[PDB]
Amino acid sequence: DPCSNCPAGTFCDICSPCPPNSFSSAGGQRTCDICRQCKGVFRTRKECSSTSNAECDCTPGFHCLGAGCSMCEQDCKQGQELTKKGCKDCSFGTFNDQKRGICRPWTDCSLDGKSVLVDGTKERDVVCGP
């Protein structure tokens, strides 16, 4: 109650503003949260403020995974997929059109009762002719 007036940017114990490298998102807090820091492969997208957390993306050659970019995952080329042992070319039959994710099998045109209008590649799916 006394504290509910301590506004965002501060905590209560007496409304001391947030320490360095600390923030408070709303008024009323009995403490400020420590700021995420963007280290190694994580680059700073938005600096920490007294009322907002730091935001991180990834250095070029990596890309963000997870809610709020909790992980940086190495890129590969179209026609590859990342593995526990690095970028591998797509096996014949499979394609990746992005710098992330897995090689996916070509479409089976026979199944939907159609011919392969155009052959696939390690970057593009086949195209079927109805």
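Don't overthink the numbering: it's just position in the shown sequence, from 1.
In this entry, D108 and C109 are joined directly, with no residue of the deposited sequence lacking coordinates between them. The stretch with the higher mean CA B factor, choosing between 38-46 and 89-97, is 38-46. Legend: mean Cα B-factor per stretch from the PDB entry, 120-128 versus 1-9; the higher mean is in 1-9. Among all modelled residues in this chain, the alpha-carbon of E55 has a temperature factor (C-alpha) in the middle third.
Sort the modelled residues of the chain by CA B factor and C69 lands in the lowest third.
Placement of the Cα temperature factor of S24 within the chain: lowest third of the modelled residues, per the deposited record.
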